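Heads up, the thing below is written out as structure tokens.
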Amino acid sequence: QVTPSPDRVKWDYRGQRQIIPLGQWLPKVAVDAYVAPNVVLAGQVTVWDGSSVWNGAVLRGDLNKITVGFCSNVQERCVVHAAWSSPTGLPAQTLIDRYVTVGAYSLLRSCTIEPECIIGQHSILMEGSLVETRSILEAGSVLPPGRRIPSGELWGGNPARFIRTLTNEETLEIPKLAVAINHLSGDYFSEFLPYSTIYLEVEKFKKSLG
Amino acid sequence: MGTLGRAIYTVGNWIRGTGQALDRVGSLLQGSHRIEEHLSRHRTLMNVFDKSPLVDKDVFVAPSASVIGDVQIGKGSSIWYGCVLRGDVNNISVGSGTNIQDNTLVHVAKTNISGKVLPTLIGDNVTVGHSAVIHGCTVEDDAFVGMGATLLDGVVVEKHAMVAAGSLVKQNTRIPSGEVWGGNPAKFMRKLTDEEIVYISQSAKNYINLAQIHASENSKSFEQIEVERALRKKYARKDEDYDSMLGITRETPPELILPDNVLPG
Amino acid sequence: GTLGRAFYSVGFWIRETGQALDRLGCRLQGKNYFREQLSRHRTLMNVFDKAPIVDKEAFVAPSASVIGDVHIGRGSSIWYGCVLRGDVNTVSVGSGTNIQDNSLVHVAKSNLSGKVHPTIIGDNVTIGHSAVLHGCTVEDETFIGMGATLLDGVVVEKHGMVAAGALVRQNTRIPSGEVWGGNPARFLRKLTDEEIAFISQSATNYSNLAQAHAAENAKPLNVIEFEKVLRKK
Amino acid sequence: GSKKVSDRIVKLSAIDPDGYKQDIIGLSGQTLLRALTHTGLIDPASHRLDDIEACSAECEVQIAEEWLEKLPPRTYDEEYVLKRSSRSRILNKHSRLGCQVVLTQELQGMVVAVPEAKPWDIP
Amino acid sequence: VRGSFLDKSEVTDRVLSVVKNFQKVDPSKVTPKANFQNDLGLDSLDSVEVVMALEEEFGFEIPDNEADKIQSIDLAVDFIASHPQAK
Amino acid sequence: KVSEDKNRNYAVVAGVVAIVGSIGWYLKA
Amino acid sequence: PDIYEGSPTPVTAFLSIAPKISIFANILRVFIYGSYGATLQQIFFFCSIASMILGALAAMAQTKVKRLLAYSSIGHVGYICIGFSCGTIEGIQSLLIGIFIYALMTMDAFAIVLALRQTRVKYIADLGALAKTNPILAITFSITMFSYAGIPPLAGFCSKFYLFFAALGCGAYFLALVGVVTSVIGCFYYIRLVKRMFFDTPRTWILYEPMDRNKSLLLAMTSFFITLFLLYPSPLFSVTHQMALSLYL
Ligand SMILES: C/C=C/C(=O)SCCNC(=O)CCNC(=O)[C@H](O)C(C)(C)COP(=O)(O)OP(=O)(O)OC[C@H]1O[C@@H](n2cnc3c(N)ncnc32)[C@H](O)[C@@H]1OP(=O)(O)O
Ligand SMILES: CCCCCCCCCCCC(=O)SCCNC(=O)CCNC(=O)[C@H](O)C(C)(C)COP(=O)(O)O
Ligand SMILES: [Fe+3]
Ligand SMILES: [Zn+2]
């Protein structure tokens, strides 16, 4: 039987809280990092300096730690999660290292991305998977659990397959992309003052209601 | 209190008036270009066509989730952040102990191109992974849908069947019991081991525990949020050496301790 | 330009000063409600002068994100969870076009990989749930399947259909009357006249469903739920 | 998927100061110190870089001779660090700096002894 | 120089003598690879005795789950030659 | 209508006295 | 060096500045105001030479930040005591100027060290990629390190200048040689820190928590003083000359 409760909230005037603590697990956002207003960070989430998390992204660190490294970006509507354990036996924290570009609509769970990598849009990285440094994943790629992307290579497909070896100039292009995305995120960061003015709207909506 | 309190209250009123006037002047200098933030108009639960969602008492619905129309959700289920369950042109049914993970879309169809158009049915103890798309299909009890999978109209996922992550399951495809399908288009991959059935069941049971802590946190009032912010700040670090010099033992308050069923151990 | 950006910056200094003054005034009166964590999400957000222009008839879900120079035509609809980002270039959506729930219509964030292509959506276009359109053009009366990805430089001609889950690679021109699917997307079959009728009927229906949804969201915010949330213990 | 994390996985065993043996896991191409810190056998906070210039023998391990043959010989800097970090200022012939040992497929099954941790958190 | 392990050959020797001196073990079947139960004629009570005779000779206590993976002379020598607590 | 925290009111008065005294100190020196 | 390293970092900061001012005041009032042979001046001369040599070499050997700062302070007290040895009014003036400038520079360095201790900075190698993760902080620490090395036009150049001035006046040439060699060694082990923050590309980085407002304000003021003191140095020169004469008359 589906028995409803009368006191369940149908409309919350505060909206969705961006930072969701879980006990003593408080998400940690660097003072110079951009996090879009409708992003949810929950639990053991650390967003480091120069990193950006874009609209609709969800970073849920309730089973393991989630880290977004220096100058790394998680783009629109990505979901980053983690598990208690990995099939490989290695620690199952989700580690996004520095200068990593995680393309929009990508799903990450208990994967490690080494520094200076690019993840194509709409990619999936599963539990225990590893992307070694200076690698690029094509859009739409699916990396099964425990699988690995060797360093200095271009991979893609469902499941991901070796395509070719990257030229050194291509590998030099990756941190440049991360820096450019950080520069773009700075324009969004400057649109927000440290406090919103919503509390005044709440005030007057209360006052009209006695 | 008293005359001094009233005087300071009046001075503060003047200060707030000046502050708001300065804010307006700055807004005018900006050229009226900045769009103002407003009170949130998102409705977690919303009627449409005189149909009201029927949500059980102990169901975690994230505030950012959109549950619309003729939608029924059973005991112990959880609707995570950014999930959209739009039951406007037809019925959406969700069973007991079923998790619909982050950023999932569940929709229906009024009429399909051919065959009999059916609602979206999701059974009990079913896991639906992050950012899945469930459209006009049927998922029977104790089934698994990987993250980023897309099920089209007419798809039937049988009991103890698995759809792998990223799979595109074509219309009217049937996933038989004890089988795992995957790819674009999805096709038979292999059989499911008993350990994998245990994995599916443990997944749903773990998510009922995770739903409780998330539902507890998301429903806290402003006053409780501020009390726990202060507590979290006060207990973030420690000086047990000076405590031992003082002869006291500082204990973590219960509002900051998670239940044992969600801890890794 | 530069003068507008300087004025916009100096205005933020005056505004931040005024808001701090208001906070001081509340602290003198013992009010701390300014500390409440309220959502700063804006359905229509501007990046300096680049602001979305949305028709008065086009329905936009309150949880949708429309950022920068984004044009929405009459009778169009942006559904729940959709994200449209028009900063580095413009995004235009034609009349009578439905962007289904959780879709992402965006342009390139950087010009490192070439000039940033804009995204053009024609009239009476259906974009299925959770589709990703990145710097492509979609002509009038086309069908984009749910979960499909169209990369930059992609042209989808009139009456052309991208199947569900298809990854259309960069600079891939979909000819008229053709169904393309798979990863990567390849020609699958030719489109039938019944399919063209269903496309048009579907877009007309979504314009009518959007009208219904735009009405129920317009309902005044319930003061009962406000009072229930305020008085929780 | 052709390339797997299990290709790089090197099996190991570590004997803790109290004498109980543990089977630990590390990636070939990474240091023994990182494998030891995965499960907390060595505190990761005590040794955050894999550099000889950021080492006070917090990563020190003892390895039996049958596995020392399979490793590159200790350099002068390593022996300098080990000798100065000894309490008795005596070099231990079976002692290695874990941050300088790189795991290889040839080190499968190696047993390592983890000594008692030295103080490292300078006030 | 200071060592933290007993030499393998020296252990092989100490273990070879311990196993042989234990009665019911003729110094003819005692090879470095010889197994206690299958090749030496020692039952479970005699087999546990050998393992703790290795504890007395080398002056350290073997955790039981290791005392069980010592069914032969290789497994015992493999264990003592790599255990730091051995003296 | 009234601010009730009496310690906060005293501190506000102390800050006001500090500011006014600094101004007078400068003006008469 | 052992006490500086082992004490809590605020204790080390306080010990590296305050007690030097108090005891140099005591030294100047007990001996300069007093009267004996050049024996005591030879004592301080030989101790100054030994201090410069040992401080330079031991600092060159250090891999940890606190120990390096300790040995640097030993070398600089040697530089300062050279001014006491020569036994002139300008010697006392330059000793006071050196003490002042060393105190300000040491407070700058320890504000940086205390800011980085929130992330538990222990080794010089821990400063890798600091020019990327906090560019303004890396520049501020480099200005301090170049001031320590004595490179002009930074405030630290006054100590070097007087060291060589007194030597070529008091007639010393061995002292000039020791000063040259020790200055070059010091420049090497100071610019090693700049090389670590700017030139190295480590595999693993350490991201440091930003400092609080107190340390940032103090750092900004001390950095402005270090870069700009020689543009308007007259008040320090005049006040130190005033003090030097108050001792006798
Ligand atoms: C506690 C909370 C629990 C939860 O709620 S889970 C949260 C979200 N997590 C998930 O959804 C994870 C779902 N897991 C999976 O989907 C996974 O893949 C899966 C579980 C099907 C399969 O994972 P496996 O590692 O077991 O894959 P196989 O052993 O069957 O490999 C077969 C073959 O298929 C190919 N590969 C396998 N997987 C896939 C796919 N899908 N597609 C395409 N191609 C593939 C690949 O070529 C493989 O060959 P190799 O690489 O040489 O081993
Ligand atoms: C310092 C002295 C203090 C302590 C005093 C000691 C007191 C000891 C007296 C009490 C202990 C007992 O007799 S307890 C009685 C022990 N007897 C049994 O267990 C009966 C079943 N028999 C068997 O299990 C096997 O025949 C067996 C050979 C044992 C092994 O098995 P294996 O065939 O597979 O080697
Ligand atoms: Fe080391
Ligand atoms: Zn639909």
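Heads up, chain A uses Swiss-Prot numbers, so what you see runs 44-253.
Determined by electron microscopy, 2.7 Å, according to the entry header.
Cβ coordinates are placed from backbone N, Cα and C, and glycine is handled just like the others.
Here is what Swiss-Prot says about this protein:
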BINDING   A:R103, A:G104, A:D105, A:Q118, A:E119, A:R152, A:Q164, A:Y231  substrate binding site
BINDING   A:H124  Zn(2+) binding site
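Cβ neighbours of A:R103 (substrate binding site) (same chain, under 8 Å, six or more residues apart in sequence): A:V83, A:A85, A:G86, A:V88, A:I109, A:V122, A:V123, A:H124, A:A125. Listed in sequence order, A:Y77, A:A79, A:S95 are the same-chain residues at least 6 apart in sequence whose CB falls under 8 Å from the CB of A:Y231 (substrate binding site).
Look at A:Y231 (substrate binding site): DSSP puts it in a helix.
By the criterion of other Cβ atoms within 10 Å of the residue's own Cβ, the least surrounded of the binding-site residues A:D105, A:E119 is A:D105. For chain B, the nearby binding-site residues by a Cβ gap under 8 A, listed in sequence order, are A:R103, drawn from A:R103, A:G104, A:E119, A:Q164.
Long-range Cβ proximity for A:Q164 (substrate binding site), meaning a same-chain Cβ under 8 A and a gap of 6 or more residues, is found for A:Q118, A:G146, A:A147, A:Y148, A:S149, A:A182, A:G183. Of A:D105, A:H124, A:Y231, listed as binding-site residues, those near chain C by the criterion of a Cβ under 8 Å from one of its Cβ atoms are A:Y231. Other Cβ atoms within 10 Å of the Cβ of A:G104 (substrate binding site), summed over all protein chains shown, number 23. Taken over all pairs of the listed substrate-binding residues (A:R103, A:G104, A:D105, A:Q118, A:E119, A:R152, A:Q164, A:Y231), the Cα spread reaches a maximum of 28 Å, rounded to the nearest whole number.
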